[PDB]
Each structure stands twice: as C-alpha cells, then as structure tokens.
Amino acid sequence: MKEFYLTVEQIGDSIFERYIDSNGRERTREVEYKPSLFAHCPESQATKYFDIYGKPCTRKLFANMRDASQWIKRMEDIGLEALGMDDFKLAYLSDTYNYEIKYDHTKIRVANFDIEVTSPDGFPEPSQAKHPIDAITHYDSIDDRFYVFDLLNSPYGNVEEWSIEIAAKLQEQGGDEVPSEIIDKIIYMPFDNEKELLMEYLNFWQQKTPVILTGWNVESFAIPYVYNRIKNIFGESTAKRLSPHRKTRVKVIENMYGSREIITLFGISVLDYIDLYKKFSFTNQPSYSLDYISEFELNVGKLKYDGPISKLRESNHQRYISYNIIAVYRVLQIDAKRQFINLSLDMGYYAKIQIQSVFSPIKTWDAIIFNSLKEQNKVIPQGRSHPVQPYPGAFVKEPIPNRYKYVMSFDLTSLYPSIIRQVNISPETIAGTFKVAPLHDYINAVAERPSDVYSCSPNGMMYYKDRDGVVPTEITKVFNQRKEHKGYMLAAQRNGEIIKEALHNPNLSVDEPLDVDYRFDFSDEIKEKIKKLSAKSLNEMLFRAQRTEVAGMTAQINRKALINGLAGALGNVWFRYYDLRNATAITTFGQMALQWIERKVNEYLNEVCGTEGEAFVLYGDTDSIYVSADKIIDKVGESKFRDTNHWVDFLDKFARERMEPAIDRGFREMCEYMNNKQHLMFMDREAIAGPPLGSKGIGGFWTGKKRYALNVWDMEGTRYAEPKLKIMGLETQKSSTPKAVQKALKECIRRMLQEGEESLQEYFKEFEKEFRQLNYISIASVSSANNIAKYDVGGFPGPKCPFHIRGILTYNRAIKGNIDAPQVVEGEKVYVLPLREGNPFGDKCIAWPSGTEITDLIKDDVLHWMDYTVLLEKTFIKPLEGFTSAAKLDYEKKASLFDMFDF
DNA sequence: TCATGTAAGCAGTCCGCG
DNA sequence: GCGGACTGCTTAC
Ligand SMILES: Cc1cn([C@H]2C[C@H](O)[C@@H](COP(=O)(O)OP(=O)(O)OP(=O)(O)O)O2)c(=O)[nH]c1=O
Ligand SMILES: [Ca+2]
Ligand SMILES: [Ca+2]
Ligand SMILES: [Ca+2]
Ligand SMILES: [Ca+2]
Ligand SMILES: [Ca+2]
Ligand SMILES: [Ca+2]
C-alpha cells in the first residue's frame with residue numbers, strides 16, 4: 001500500500017513525522033530536512049525555476065531550516081523578495097508525498113475522551129488543576145474499545161466499583177441505560193489512588209498514541225486539565241509524555257475573571273468536536289452543551305441526575321461513571337451521523353496539510369496552490385503584509401414589503417467560484433486594466449465593450465483568455481467534487497419524499513427494508529416494491545435515506561465553503577495571494593450579473609405576457625432572483641387548475657422550458673460583452689411557492705432585505721410530500737429568539753401563508769391566553785456575552801452596558817457567596833429574562849449560562865418576578881406586528897361598525 | 001467567539017425634546 | 001414616548 005503521513009512537526013532543525021509505512025504499520029522518524037527557498041536572478045542565467053509571472057529564479061538549498069529562516073530575515077533587511085514555501089513542514093509533506101494521497105482511515109488512531117473532576121469549590125480550572133481526576137473514558141478507534149479509568153478513593157469520598165450489569169439496565173429499573181451495542185466494548189479499570197490511575201493512563205497513552213484527538217470541549221477543558229494535573233503531581237517532564245515527541249507549548253489567556261490555558265501537544269492533531277461542529281454543521285445553536293447538541297442531533301434525552309454535579313460521584317458513583325461513558329459515546333454517535341472526522345481527513349490529505357489546519361481555508365488553499373505550482377516547477381511569491389481595507393461586496397435589491405401570492409426563485413450555481421472560472425481570475429492571469437464606466441452602464445448594456453482581446457470584470461480588470469490560472473484550475477477540482485456530493489444529497493432527498501408518500505398507505509406485512517443505494521434516484525422497480533412495504537420497513541428506509549442525505553450535505557456544503565473560502569481569501573491580508581483587484585473583480589461581476597439578469601427576466605416575461613414595463617422580479621440577493629408568478633398564473637387562469645400539484649407542475653415546466661433558456665441566452669450575451677473565457681453563469685430554478693389551491697393563504701411575504709417567508713412546494717427538483725416553509729432572516733430563524741416563541745411565530749407564519757387571516761387570529765388569541773404557562777427556559781431570550789468586564793463597575797452596569805450584560809451582572813450579584821453556582825463564561829451564550837419593577841435582584845433583567853436550569857437558590861425568585869408582559873411584547877408581538885403589517889394582515893380583529901351587532 | 005469575504009436587519013443605550 | 005446616532009449581535013449571501 002502507498003505510504004501516508006499521520007502528523008508532522010518542526011522542532012528546531014528537525015522534522016518529526018508520524019506515518020503509515022508500506023506494510024500498514026505506524027512508524028515515526030526524525031528528519032534533518034534540507035529546505036529550499038528562491039531569489040530572482042538575471043534573465044541571462046539558465047534555470048528550471050520561474051516565479052508565477054515567468055521571471056527566473058535561483059534555488060537556494062539550505063543546510064538546515066534555521067539557516068533558511070535567517071536568510072529570509074537578511075533578504076527582508078536587504079529589501080529583496082525571498083520566494084518559496086516558508087512553512088517548512090508543508091514543503092516537507094510536498095517533497096515526501098509527491099503523489100495524490102490515498103489514505104486508509106482504519107490505520108489512523110482516532111481517540112475520543114472526556115474526564116470527570118469533582119470540585120466542591122466551583123468550576124475546576126484547568127490552569128490550576130487542584131482537584132483529583134476521578135474518571136477518564138477514552139475510546140480508541142483502532143481497538144474499538146472504551147477504556148474506563150475509575151478512581152475509587154478520593155479526598156472527596158471513597159466509593160465502590162462501577163457495575164456494568166446495573167449500567168446496562170433501563171433507567172426505569174434503576175440502571176443507567178448504557179447502550180447495549182457498547183456494553184461488550186467497555187474495558188473497566190478501577191484504581192485505589194489517583195497517582196496509579198494517571199501513571200497507568202500515561203502508559204496506556206504510550207501504547208495507543210492518538211493521531212487525531214477529539215471529544216467535547218477537550219481543547220479547553222480535558223486536555224489542559226489532564227496536562228496540568230499530571231504536571232502538579234509528577235512534574236512537567238511527565239506531563240510532556242502526552243506528546244509523542246515530548247514537546248508542548250502552553251499558551252495562557254489572561255482575563256479579569258480568571259486565566260485559562262491551551263496546550264499544544266506536538267505530534268498530535270487535536271480536533272475538538274465542538275470546533276468541528278461549529279465550523280462544519282452550519283447551525284447556530286443557543287447552547288453548546290453536549291446534552292443540548294445530542295438532543296438536537298440524535299433526539300436522545302438529557303442525561304438526568306439528582307443534585308449538583310459536585311455531589312454526583314459521592315451520592316451516585318454508579319451513574320457518575322455510566323454518564324462519563326455515555327458522553328464519550330454521544331460524540332461518536334453525532335460523528336457517525338455528521339461525518340466531520342471523515343471530512344477533516346479527506347480535506348487534510350487533499351491539501352497536504354496538518355489535519356488541524358482544516359480549520360483555516362487560508363492555510364488549506366496556500367498548500368493546495370503551492371503543490372499545484374511546484375508540479376510545474378513554479379516558485380510561490382513571498383507573503384507580504386497589507387493594511388486592512390474595506391471593499392464592496394454583493395448587491396441586494398430593496399423589496400416592496402407586501403404579501404406575494406405566487407413566487408418562483410432562481411439561483412446561480414456556485415457563484416463566486418464560477419465567476420473565478422468564467423473570468424479566469426488568478427494572481428498570474430492579470431493582463432491589464434480598462435477604464436470603467438458606472439456599473440449601471442454595464443447592467444444596461446450601454447457602456448462600450450471593455451475588451452475584444454481579454455476577459456473582463458466591470459471593476460476594470462482584464463485577464464488572459466488563453467492561459468490556465470492556478471486559482472481557476474484548483475478551484476474547479478474541488479467544485480467538481482462538491483457537485484458530485486450535492487447530486488448524492490439531492491437524490492437522497494428526493495428518495496426520502498418517495499418514502500414519505502408511500503407512508504400514507506403502508507402495508508400490513510412482515511418484511512425488510514430494501515437493500516439500495518440512496519445516493520441514486522430510485523428505479524421504477526424499487527418504487528413499485530416500496531408501494532408494497534410495511535410501515536416498519538418504510539420507516540427504517542426513511543431513516544437510512546435521511547442519514548444518506550446528511551452525509552451528502554456534510555460533503556457538499558463544506559466543499560462549497562472551501563471554494564467560497566478562496567474567493568474571500570483574496571480579500572484577507574494574511575493570504576499569500578491577497579489582491580483587492582481580484583477580490584473586487586469577483587464581487588463587482590456578481591453585482592452586474594444579478595442586475596443584468598433582473599433586466600433580462602423582466603424583459604422576457606413582459607414579452608411573453610404581452611405587456612411592457614411590469615416588474616416581475618420582486619427581490620434578489622447576491623445571485624438569486626424572486627419572480628412574482630401571479631401574472632403567469634392569471635394569464636392561464638386559476639380555475640384551469642385541478643389541484644395545487646397541477647399549478648406547481650405548470651410553473652415547473654414554465655421555468656425549465658421557457659424561462660431557463662431565456663436566462664441562458666441573457667447570460668451568454670453578458671459573457672460575450674465581457675469577452676470571458678468560459679460561460680459558467682448557470683441560473684437554475686430553486687423554489688416554487690404559493691398558497692394551497694382554494695385556500696385563503698397568502699403564499700408568501702417580504703418585510704425587507706434578508707427578511708421573508710414562502711410556502712414552498714418544490715425546491716431544486718424535490719417535490720415535497722407536504723409543503724415546507726422557507727423562512728429567511730425572520731425571528732423564527734434566529735438563535736436569540738426564545739424556543740417557544742420561534743415555534744409560535746413559525747405557526748403564525750404557517751397559518752398566514754397556508755390558511756389566511758382568520759386562522760392566524762385564532763392561533764394568536766390562544767397563544768396570548770396560554771403563554772404564561774410555558775416553561776421559563778422556553779420563553780427566555782439568548783445572547784452571546786462578550787466583553788463582560790468592560791461594563792462591570794463594582795458589580796453594577798457601566799455606561800452603554802448592553803441588556804444581556806446587565807443581566808449577567810444582576811446574576812453575579814445574586815450568586816455572590818454561593819460556591820456551587822455556575823459562573824457565566826466570557827464569550828459563551830446566556831439565557832435572558834426581563835424582571836418586574838421592585839424585584840429583589842435590584843434590576844430589570846437576569847441572565848444565566850444557556851442550556852442550563854438557573855441555580856435552585858435563585859430560581860424561585862426568577863419565576864416569581866419574570867416579566868411576562870414584557871417578554872410577550874418584545875419577543876412575540878413586536879416581530880409578529882412586523883410580519884403582518886408587511887403582509888397587510890391583522891393578528892387581532894380590529895374594531896368596526898359590525899361591533900354594534902350581536903354575532 | 002481561533003479559523004474566507006461583505007450586506008444588512010433589529011434590540012438596546014443615550015440623548016433630545018417647552 | 002419616539003426618533004437618530006451609536007454599539008452589539010445575528011443572519012443572508
Ligand atoms: C452561503 C455563503 C455564500 N457566500 C458567497 C459566495 C457564494 O458564491 C455567494 C452566493 O451564495 P450562495 O448562493 O448561497 O452559494 P453558492 O452560489 O456559492 O452555491 P450554490 O448556490 O450552488 O449552493 O455568496 C459566502 O462567502 N459565504 C457563505 O457562507
Ligand atoms: Ca461530565
Ligand atoms: Ca447560488
Ligand atoms: Ca403501500
Ligand atoms: Ca443564493
Ligand atoms: Ca441551484
Ligand atoms: Ca431565593
């Protein structure tokens with residue numbers, strides 16, 4: 001088998017590499033790497049090396065990496081460019097693996113762990129680590145085993161061994177419901193004292209050294225806690241045994257409320273699952289506790305225990321250990337669904353970077369582009385410093401706020417990367433400039449053609465049409481992978497709807513789910529078999545279809561994110577290929593493309609409908625247009641339709657057969673106008689939206705830019721079993737809106753769009769009447785809490801203190817002297833509740849850590865003093881007033897002359 | 001919230017306002 | 001008690 005790296009580090013003049021050899025064995029080697037850099041030389045001098053602009057360079061081969069670094073400093077002082085890859089471990093990986101890496105994940109040791117630490121005096125700070133580690137569960141992907149280290153004797157209590165038999169039992173029978181499928185995989189190890197637990201854990205770590213180290217919050221808690229605890233007991237040299245190269249870097253973030261550390265373990269790639277999740281999931285959660293995220297992702301219940309966690313080990317050691325094990329497993333279950341570790345490995349090896357560098361699109365692209373250029377014997381430019389400079393982005397149309405009955409939307413495929421490819425935008429493809437007209441003149445095709453020789457953007461830039469740019473070339477590769485995976489995702493999505501339709505008429509039989517690949521549209525024969533399946537089998541199939549969809553979603557959306565990352569990297573000062581001419585060539589072209597096609601669509605629909613000057617395009621943002629389809633429906637006549645699906649079919653065909661070809665002709669003209677290298681402006685139909693036929697539903701509405709709601713019947717070719725709300729920007733979409741209010745507002749919207757005003761009024765009246773009965777957490781607002789210190793003047797609010805920060809200060813004063821009260825953490829999210837006048841907290845609101853119950857000592861007072869009137873007004877009524885005034889509807893029946901009668 | 005980019009909405013503070 | 005200038009936060013793309 002072909003070899004592949006696991007980890008790489010630079011330590012002085014040495015590269016330390018862990019890798020898999022040709023026999024599939026894990027090996028480590030220290031290499032005195034001899035790096036090369038480059039300097040421009042005279043044209044007369046023969047060389048195989050050229051910079052990206054075709055200028056000759058000489059290779060400087062250095063005896064060591066320090067020599068190479070010192071040369072860079074001297075060149076800077078002389079004032080000459082020092083070219084080539086200055087991150088030597090990237091150069092090393094490129095030299096060592098000069099081929100497309102095929103990796104075997106079964107050889108890569110992926111470790112997932114979490115620790116428990118009983119603390120009778122508040123949160124156990126990793127930087128201090130003054131309390132015993134009393135449990136560790138460490139799952140090893142190669143052994144497929146959960147290694148459980150259990151401390152039986154501690155200054156905070158001596159306890160009996162944990163029971164696997166009791167652990168497996170149902171919670172309703174006094175057990176802990178440790179899942180049956182991992183019971184056989186647990187290796188339990190009790191210890192009579194902390195020192196032997198920790199020594200054994202280190203010995204174990206040596207035998208089974210993680211390559212990828214993950215878990216929930218491991219970077220900020222478990223790793224620095226373990227490191228500092230070992231350091232305190234045994235000394236730092238023993239702590240450094242956590243690094244296969246015995247090298248660590250400790251970085252301390254000082255703060256007004258307490259300092260914390262992050263530990264770099266040389267020779268390990270730490271991918272904290274919370275960071276993976278935040279980067280790759282495309283959610284914004286109100287809380288990032290594992291309980292909340294597990295509930296969100298897996299629909300499993302909160303891990304219930306009585307009393308504080310500081311007393312759980314002593315009162316119920318049995319459950320304490322089971323919960324530690326289950327928490328480790330939950331992360332594994334989320335990853336089985338989401339597949340972020342797989343993605344990280346895919347991306348890391350593709351780029352030839354340290355796996356942890358997947359978090360940085362700038363590092364990722366620098367490596368991809370370096371490897372690409374190196375193949376052609378080309379030499380990369382030196383990284384330069386630039387001042388931060390704002391620059392223009394996309395265009396967003398101002399919509400007329402209103403209800404909109406029938407809407408069809410259209411969207412450009414992968415816009416920014418497509419612009420890069422179409423225009424041929426790269427550092428080395430720049431051909432010159434042309435004198436710009438106002439953008440409006442290009443949009444309306446009155447400006448003179450920019451060039452009949454080069455490929456142009458309306459920002460004034462011209463590019464070579466005949467040479468391949470490294471940026472377009474490498475962006476195309478990832479785009480094509482993105483396209484493949486999005487195909488698999490949409491197929492699984494369509495397949496899911498086939499199963500949902502078949503669930504309306506399940507069969508009374510004992511059968512099994514069909515063995516099929518959900519990444520491909522079901523054949524006619526499979527669809528026939530599905531129509532005869534039982535509910536049990538259909539439900540299992542739907543689960544499998546949805547899991548396939550989620551895997552496709554992970555794969556496509558993050559490759560989309562990577563290529564989009566390159567377009568913005570051009571406008572980031574730390575990017576080697578930073579250049580506002582290119583960043584701006586992209587965004588400006590986008591602005592033109594959107595407004596050009598709005599004109600073309602308005603022109604086309606007026607023509608086919610036999611009118612002039614009517615505005616069909618009602619809205620657009622960046623690369624999308626929203627087309628009012630009312631006149632289309634009216635041209636044929638509503639009564640001509642049998643049911644909802646008939647008019648949806650009609651509009652789907654109208655868009656594909658009439659509109660899309662006109663859209664294509666429009667963009668082909670624009671491509672000729674700009675003399676671009678390749679036509680890649682592909683704008684396909686996205687949503688078909690409207691009210692159910694024969695209903696009083698309004699179909700959709702806009703309140704403003706980035707704020708709208710649509711009742712969607714078909715999305716990108718997925719014909720839904722049941723209509724689906726597409727809501728953008730409104731409070732239902734914001735993580736700061738209370739959970740129960742999101743729900744109530746969404747149903748208000750559903751009623752407006754599908755049923756009409758009277759239905760809305762009925763629901764509003766009910767919610768208003770019942771809302772005081774909702775659980776306090778469900779009606780609490782949420783906010784991130786940044787710069788808490790700045791506004792903290794002797795426990796009271798300073799000037800311009802934000803509302804949520806005021807709530808934290810109110811909380812801090814309320815929990816003073818209470819050692820068991822959870823502290824609010826800087827930068828994390830809080831629940832927020834307004835308080836009534838005269839409350840014992842002495843202020844207008846309170847805030848506490850999100851995803852938790854407020855501490856029992858002040859909970860009673862919070863419930864008593866909650867200002868429901870204010871909560872309803874601010875979070876529910878005011879947003880709803882926004883939706884309904886825009887929609888020209890009322891949520892309350894208003895007074896009229898009819899009130900004089902007894903109805 | 002350690003990690004490409006800009007556009008742009010709403011909540012809230014402070015200030016003005018016979 | 002509402003509007004403008006300002007920060008903070010969050011979402012759409
Ligand atoms: C969603 C998103 C878009 N953008 C930019 C780049 C996109 O090309 C542009 C349009 O956004 P989108 O239309 O959402 O995405 P896309 O055109 O790149 O991909 P597709 O429509 O095929 O799914 O806005 C970002 O920079 N960051 C983002 O998170
Ligand atoms: Ca725990
Ligand atoms: Ca798009
Ligand atoms: Ca059936
Ligand atoms: Ca879009
Ligand atoms: Ca599309
Ligand atoms: Ca109390």
Side-chain angles (χ1 to χ4, degrees), chain A residues 219-220 251 253 262 264 270-272 274-276 278-280 282-284 286 288 356-366 388-399 401 411-412 414-417 560-575 577-578 580 582-584 586-588 590-591 594 619-624 702-708 726-737 781-787 790-791 797-807 825-830 832 834 844-845 873-875 878-879 881-882:
Chain A
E219 201 183 48
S220 57
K251 105 129 292 169
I253 301 288
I262 165 257
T264 302
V270 174
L271 304 167
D272 193 322
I274 192 169
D275 294 321
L276 293 172
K278 285 171 180 182
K279 189 184 159 65
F280 295 141
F282 289 84
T283 64
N284 190 19
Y288 286 93
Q356 64 268 36
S357 285
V358 290
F359 289 113
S360 169
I362 287 166
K363 179 59 74 166
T364 303
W365 283 113
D366 198 43
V388 169
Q389 253 270 202
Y391 67 94
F395 176 77
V396 186
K397 186 180 169 62
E398 189 76 65
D411 182 273
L412 283 154
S414 197
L415 176 71
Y416 281 11
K560 163 176 169 175
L562 187 59
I563 58 184
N564 291 350
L566 180 52
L570 292 161
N572 175 293
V573 296
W574 304 104
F575 192 47
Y577 309 98
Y578 173 76
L580 256 33
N582 287 343
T584 258
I586 297 165
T587 61
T588 311
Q591 286 208 22
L594 178 53
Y619 181 68
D621 180 339
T622 307
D623 70 336
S624 67
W702 267 253
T703 76
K705 292 178 177 182
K706 289 170 200 287
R707 298 294 187 268
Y708 60 98
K726 182 179 171 67
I727 304 172
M728 312 310 303
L730 308 187
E731 281 73 7
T732 57
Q733 309 316 110
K734 301 179 82 172
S735 66
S736 46
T737 299
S781 298
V782 181
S783 187
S784 302
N786 297 305
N787 308 307
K790 197 214 291 196
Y791 299 103
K800 280 152 182 155
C801 178
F803 191 82
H804 65 285
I805 306 305
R806 176 181 299 271
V825 178
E826 169 67 27
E828 297 213 291
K829 301 211 183 174
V830 289
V832 190
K844 59 177 187 165
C845 60
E873 231 310 308
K874 269 155 40 159
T875 63
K878 204 164 164 186
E881 161 68 13

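Computed over heavy atoms, backbone and side chain alike; hydrogens, waters and symmetry mates excluded. In what follows, chains carry the letters A, B, and so on, assigned in the order in which the sequence lines appear, proteins first and then strands, with residues in each chain numbered from 1.
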Rounded to whole angstrom units, what separation is found between the [atom1] atom of [X] and the [atom2] atom of [N]?
X	N	atom1	atom2	value
A/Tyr619	C/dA12	OH	P	10 Å
A/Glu873	C/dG1	CD	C1'	14 Å
A/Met728	C/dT10	CE	P	17 Å
A/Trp574	B/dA3	CH2	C1'	14 Å
A/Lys706	C/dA12	NZ	P	9 Å
A/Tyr577	B/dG5	OH	P	18 Å
A/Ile586	B/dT6	CD1	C1'	13 Å
A/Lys560	B/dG5	NZ	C1'	14 Å

Over all strands shown, is [X] touching base, sugar-phosphate only, or nothing at heavy-atom distances under 4.0 angstrom?
X	answer
A/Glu219	base
A/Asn564	base
A/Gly571	sugar-phosphate
A/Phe395	nothing
A/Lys279	nothing

Between the side chain of [X] and the main-chain N/O of [Y], is any donor-acceptor distance below 3.5 Å?
X	Y	result
A/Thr737	A/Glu731	yes
A/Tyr619	A/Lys706	yes
A/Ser360	A/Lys363	yes
A/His804	A/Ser784	yes

Q: Map A/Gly565 and A/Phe803 onto DNA chain B by nearest heavy atom, then report which one ends up closer to the 5' terminus.
A: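 The residue whose closest nucleotide sits nearer the 5' end is A/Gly565.
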
Q) Given that A/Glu828 and A/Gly393 both sit by DNA chain B, which one's nearest nucleotide is further toward the 5' end? A) A/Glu828

When you get a sec, tell me which of [options] is the closest nucleotide to the side chain of [X]?
X	options	answer
A/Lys874	B/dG12, B/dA11, B/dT4	B/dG12
A/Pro799	B/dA3, B/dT13, B/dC14	B/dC14
A/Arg806	B/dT13, B/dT4, B/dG9	B/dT13
A/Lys705	C/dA12, B/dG5, B/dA8	B/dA8
A/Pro392	B/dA7, B/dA3, B/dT13	B/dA7
A/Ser735	B/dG9, B/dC2, C/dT11	C/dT11

Q: Look at the side-chain N and O atoms of A/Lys844 and state whether any lies under 4.0 Å from the OP1 or OP2 oxygen of B/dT13.
A: yes

Q.
Below the 4.0 Å mark, does B/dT4 have OP1 or OP2 next to a side-chain nitrogen or oxygen of A/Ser360?
A. yes

Q.
Rounded at 0.5 Å granularity, tell me how far OH in A/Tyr288 sits from CD1 in A/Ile274.
A. 7.5 Å

Q: For A/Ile805 and A/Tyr791, work out which heavy atoms get closest and say how close.
A: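 What the structure gives for the nearest pair is CG2-CB, 4.1 Å.
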
Q. Roughly how far apart, to the nearest Å, are C/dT10 and B/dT1 at atom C1'?
A. 13 Å

(Q) Going by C1'-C2'-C3'-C4' alone, is B/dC14 a north or a south sugar? (A) south

Q) Under the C1'-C2'-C3'-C4' criterion, what is the pucker of the sugar in B/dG12: north or south? A) south

Q: Let me know which of A/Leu566, A/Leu570, A/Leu415 forms a side chain to side chain contact (heavy atoms under 4.5 Å, CB included) with A/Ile586.
A: A/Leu570

(Q) Among residues at least two apart in sequence or on other chains, which ones pass side-chain contact (heavy atoms from CB on, under 4.5 Å) with A/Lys874? (A)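 For A/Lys874, the residues satisfying side-chain contact (heavy atoms from CB on, under 4.5 Å) (neighbours in sequence not counted) are A/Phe803, A/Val870.
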
Q.
Which residues pass the side-chain contact (heavy atoms from CB on, under 4.5 Å) test with A/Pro797, not counting sequence neighbours?
A. A/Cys801, A/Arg806, A/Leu809, A/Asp843

What protein N or O atoms touch nucleotides 6-9 of chain C N or O atoms at under 3.5 angstrom, if any, and at what distances?
unit_1 : atom_1 : unit_2   : atom_2 : d
C/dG8  : OP1    : A/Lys790 : NZ     : 3.1
C/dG8  : OP1    : A/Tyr791 : OH     : 2.8
C/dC9  : OP1    : A/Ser784 : O      : 3.4
C/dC9  : OP1    : A/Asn786 : N      : 3.3
C/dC9  : OP1    : A/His804 : NE2    : 2.9
C/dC9  : OP2    : A/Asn786 : ND2    : 3.1

